[PDB]
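Okay, here we've got a single chain as C-alpha cells, the form deposited in one PDB entry, with questions on binding and movement later.
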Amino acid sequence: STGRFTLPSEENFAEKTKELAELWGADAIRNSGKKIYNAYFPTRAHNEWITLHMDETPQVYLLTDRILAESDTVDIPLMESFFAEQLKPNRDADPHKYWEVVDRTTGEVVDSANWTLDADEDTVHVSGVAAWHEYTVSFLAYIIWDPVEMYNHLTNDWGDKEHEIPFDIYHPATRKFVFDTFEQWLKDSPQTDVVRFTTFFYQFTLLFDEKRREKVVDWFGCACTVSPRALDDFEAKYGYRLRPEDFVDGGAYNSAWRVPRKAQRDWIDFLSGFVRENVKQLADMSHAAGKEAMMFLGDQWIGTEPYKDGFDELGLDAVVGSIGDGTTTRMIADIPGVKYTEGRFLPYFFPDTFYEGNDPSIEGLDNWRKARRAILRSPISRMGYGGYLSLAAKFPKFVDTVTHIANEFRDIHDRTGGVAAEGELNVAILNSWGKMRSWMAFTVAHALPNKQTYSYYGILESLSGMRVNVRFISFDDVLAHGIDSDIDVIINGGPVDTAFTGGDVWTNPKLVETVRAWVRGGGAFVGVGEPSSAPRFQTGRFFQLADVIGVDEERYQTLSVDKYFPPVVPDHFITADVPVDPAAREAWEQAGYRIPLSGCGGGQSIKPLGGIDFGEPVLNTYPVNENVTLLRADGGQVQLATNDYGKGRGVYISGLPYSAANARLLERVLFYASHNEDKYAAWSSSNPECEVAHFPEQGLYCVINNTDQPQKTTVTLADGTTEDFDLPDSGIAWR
C-alpha cells in the first residue's frame, strides 16, 4: 500500500506537503522525488497571441429569440439574448453566405435578398415577409472569452481580472503558435512528469445569456467548433454544404437527446479526424520530451471520442476525470486504449466545504461510496484530489478520512490485482448512440441530473455499481449484426422521440422482427418510460413492442376502448425487497378495484399500494391484456409490469430514480426477465444497502456498505451457505 494517489500543491506549504504525501502515500503532486503534474491549456493563456489574430478565435452558430412580425417588415436584434462579454457577431465573414434567416412559422428560409445586416448595430432588417409569423437569425459568432475560464471567473467573482480569449487551431497561424509554444514549454519544464491537458481543442457547448447566466449547455455538444474555413472544407470533404440550421437545430442545438441526424455524425467525424491527429502530435511531443500525456475527460474534449475505435492510436498515457457518482466514475473507468485512469474525487479543497464548523469527512466518504461500488465493477488505476492543500490541512478529521480512503483504494488493488468483480448477467443498453456514448446516456450537464432526466439517469446510476456486465449498443449494431448471443437482457429507456428510445427506427420492421424473435427465443427486454415508442405510426399502438412488455401508453386516440386492469400481484420476486407499510397494504386491499363502468374500463385499484419511487409519471399507461402481470399500477395507470413472451420476458418500468431500493428492484428485474431467478441468490446481500463483489480467480469476495450507517446483512454464497455481516459506516469486509 504505497502510491496510486495524486496530491494537489500550493504556495509555501512545502513542509505540510511532505507530511501529507507521506501519510497518504502520495506518489504524485499537481501544480496550482514525486511525480509532477502540470495542467496545460492549449487553446488559451495567450492573449498576447490571439489579440493580434482575432478572426482565429473559435466560433459558434447562435439562434436569436423569435421575433413577431406585425407587418411585412421585422427587425431582429442579434445579441439581446446573449452574453456580450463572451460572444460577438462575426461581421468579417459574408453574412449572406454564412447566416440564415428563418420564418419559424413555416420553417422556410427567408431569401437572402430579403434581409440586411445593419451597418451600425447588431440588428437584421427583414423585408417582404408575412405579418404574424415568428422570425429568427442564425448567425456566426466569435467566442471572445474561453467558456470555462469565464465560468470560473463568474463562479469565483474575479471582478476585473483580464478575460482569457480562446483560439482555434483549425487556422494554420494559430496551430503553429500552439505547437511552437508547447515545444518551448516542454523545454522550459524539466521538472514536469505528466502533462495534464485540460483539455485539448474544442470546448463542449457552453453559452451564456445577457444576464450572465448559463443559456445553453451540452457536455457532448459541438456548437463551439465552426469557422468559415472549416465549413467550406467540410463541404469539400463530405460533398454537401451544411446549413446554419444543421447546428442551431431549431433551438435544440443538437442536444444528445435528439435523434442523431446524418449532418451531426458527419460533423463529429470531421472534427474527430482533425482533433485526433493534433492530440497524437501533442502526445508524441510529450513523449519525446520524456513526459506522459494525460487527458481531462471534459472541458475541451470534443472530437476526442474516447469510446470510438482508434482512440488507442493517440498513445495517451492517461485519462483523468471528475468523480461525481457511479455513472461518472464508469465514464472514466471503462475507457479503452490508455495505460491508466484517474479519478479526481470530491470534495475539492476550496472554502465552500472547508469552513470552520463543517465536517468535510462526510462528503469525502459519500463520494468514496458512490464511486466505490462502480470501481468494484470497473477499477480506476489512481485516485487524487484537487485545490488548496493548506485548507484541507486545517481539518484533522478529513485528513484521517483521506488516509483511510487511499489505504482502502490501494488494498482493493493489492487484493484484486486491478481485476473487475465477476458479473452475473450480460446487460445491453440499446439507443441511437451505442458504444461511443458508453455511460453517457441521459446526461445534459455533467453530473447534474434534473427533473426531466433523473428518472432515466437512475437506470445508469443503478447499473454503474451493480453485479452485472453492462455494454452499450446502437440500433445500427442490431440492424447490421443482430443481437449478440451472449446478451441476457436488453434495456431500452427514455421519452418518445429521443436518441434514447430511438424515434422512427421503431417503425423499421427489421428492428422489431429482430427484437421480437430474440425475446421469443428466451431473450429479455426491459422498457423504461416510453420504450420502443413511435408517434402516429399506428393509431392503436404507441410503444411498438407493447406486445413484448405488456404495456402501452394511451395517447387519447383509443379512449373509446375500455381498459381492463388485472389484479396487481403484491407478492412477487421482482418486488420481494420492497417494504410496504402494513397499514398501506391493508388500505389498498380494503379499497379494492374499480368495477367496470361505461367508457372507464375497470380493475384499477381505488387506492395506491405504493412503496416505490418511480420518479416522473408516464400518464395513462395500461396493460395490453389481462395476462400481463401488474406489479404496480397505482393512480389509474401502470408503473411496473412483466409479461411472458414465448420463452422470454418483457418488463415495463415507468421511471427509476437511483436509490439502493431501486437498484435492487432493477437487479431483480434483470434476473427475473432473463429467467435467471435461480442465479440471483449466489453472491447477493440480503440487505439492499450493501453489495457484494465476487472475485473468483483470486478466490475471494467482498461486501460493501453503500451508506454512512451501520448495516446488517446476510450474504449467500455459491455453495448455498450464508454469512452475517455488521458493517460500520462505509464498511468493507473480505472473506
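Definition used throughout: the rigid core is the maximal C-alpha set that superposes within 1.5 Å between two forms. One-based numbering along the sequence shown.
A second form of this protein, the form deposited in another entry, is not displayed here; the remarks below concern that form.
Superposed on the rigid core, the two forms differ between this form and the one not shown by 2 Å or more at the C-alpha of one listed residue only; from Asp352, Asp188, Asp160, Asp157 that residue is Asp352. Superposed on the core, the two forms barely differ at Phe220: its CA moves less than 2 Å between this form and the one not shown. Taking 2 Å as the criterion, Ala693 does not count as shifted between this form and the one not shown: its C-alpha moves by less than this amount when the rigid core is aligned. If you fit the rigid core between this form and the one not shown, you'll see the Cα of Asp724 move by less than 2 angstroms.
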